[PDB]
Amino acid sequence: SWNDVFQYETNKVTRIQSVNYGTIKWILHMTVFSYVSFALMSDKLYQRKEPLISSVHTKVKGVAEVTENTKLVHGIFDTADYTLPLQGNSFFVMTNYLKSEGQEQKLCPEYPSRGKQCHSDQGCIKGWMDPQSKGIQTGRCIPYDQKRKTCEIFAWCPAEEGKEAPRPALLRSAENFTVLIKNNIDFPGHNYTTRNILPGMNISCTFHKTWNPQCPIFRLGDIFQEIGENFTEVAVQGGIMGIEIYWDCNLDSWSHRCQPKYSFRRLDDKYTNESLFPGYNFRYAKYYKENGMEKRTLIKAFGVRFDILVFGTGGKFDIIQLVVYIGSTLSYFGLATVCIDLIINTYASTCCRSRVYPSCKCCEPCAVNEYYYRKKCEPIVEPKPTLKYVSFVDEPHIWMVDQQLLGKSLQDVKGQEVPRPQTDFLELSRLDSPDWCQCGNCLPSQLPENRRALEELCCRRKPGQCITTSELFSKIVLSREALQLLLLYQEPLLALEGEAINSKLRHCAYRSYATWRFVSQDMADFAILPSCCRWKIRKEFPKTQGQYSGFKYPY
């Protein structure tokens, strides 16, 4: 069994000197290789990709001059006046405000915003909380001014909720403010970190997608203008703007590159329903005790929230990824074999000559695929007991019968026609009768009736001379000298005495007939001799005791 370990199996192959097939093979191989390499390079499937972790630090610069009114009030706003302490992934710049000073808890008329003007105390509801007004209704319609009256609410008073944002925006100058963004990223798996500002960078730059695509200083109005948004209009009610920072980073030494790409995107819907809080604002309150009364000053601050969104991946060569990709793509290199074998097996079909070629004679030279097919494939048949082969001297083909004989004579049974194999020319280049019978020599079978129909076969389908009348039958089958010579060839020291030699000669005659007619040993093994030939052989080599056994299943 140890030799069973030291075995190598290699496939048998046939080789063709064909220009067409070799050319097609190499073309397909090159195509597969080119696509595989292109995909590998384009998608960098040799790399392991890791997402980044980011930190953002922002700084806003700018002073706004605000002139508002009775009297002309001039003032300015600095960063502490329009920005919040947060300086990370988001920052807020106030662009407009409404302020209510000295609020007190008490009853006051609800502000007459859209559809808040009541006509009778029936319209008002006692105890009902109005989230819009931010107070509790007392169910009384009371005057708000000379020509309007509204529901009385308990709230911080005076209540200006629902008041329209001032137009134009008070902090319009914010269009001209600048923000510096510092972005630190890291790929912890690859142990790589970098930042968006490097030594030698200019500090007086201002971002431009063309001239200065790497300056991290942005004018807000320019941010809006780059994407077709009007800062002046958004400043009235506010909005949300995104600054996207994309890092497509290659961390391989021979191709190292990691720099940010900046882009902008509005994040609030422009056509938001008035009931879904259009824009962006928040209310900030300060609380103080004055005159023994606890009071509140509220500012409703409209502005733009800038969301800084940082995303990306870092790639570095990984051998396991490349190995997996190559394995995934290796099987595509059998395309040439699949296609050319398909061509060979398709043009080897007979129908491709009888029908296709007459219509199109350009494909006539493609008949050589029959030769390739016969040199490539060896068809064989499952050797099961009902398998039988018969040959008729009148006909040139062989007939295969692969069904049980339900009493019907094998002569009458139909069968699948198959070609007669060609005998090797090298080896050849040497020196009252039964109704089913018509050769005048067959005899009734001598087996049990259950299996008598097997031996009820003749040498031909039509009346004529028996095959055994030929001298070849006696030369090959009944020539005792030839059979003894064959047996001696197999058993040099054979003893020619007894009935055993007679049986051996009878079997050799059966084999000789079967090999002469069916040629192939696979067919010869399952062949069936005609009754005439069988009984002639048996008469030439009689069996003293017992009746003849007949054909036996080799398996």
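The term rigid core refers to the maximal set of C-alpha atoms that superpose within 1.5 Å between the two forms. Note that residue numbering begins at 1 and tracks the sequence as displayed.
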| item | value |
| --- | --- |
| Higher-deviation segment by CA RMS in 8 other deposited structures of this protein, core fitted, 116-124 or 234-242 | 116-124 |
| Between 281-289 and 402-410, larger RMS Cα displacement in 8 other deposited structures of this protein after core fit | 281-289 |
| Residue gap status of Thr70, at least a third of other entries | yes |
| Residues with no coordinates between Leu431 and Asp432, taken from the deposited sequence as a class | 10 or more |
| Where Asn69 meets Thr70 in the shown sequence, the number of deposited residues left unmodelled | 4 to 9 |
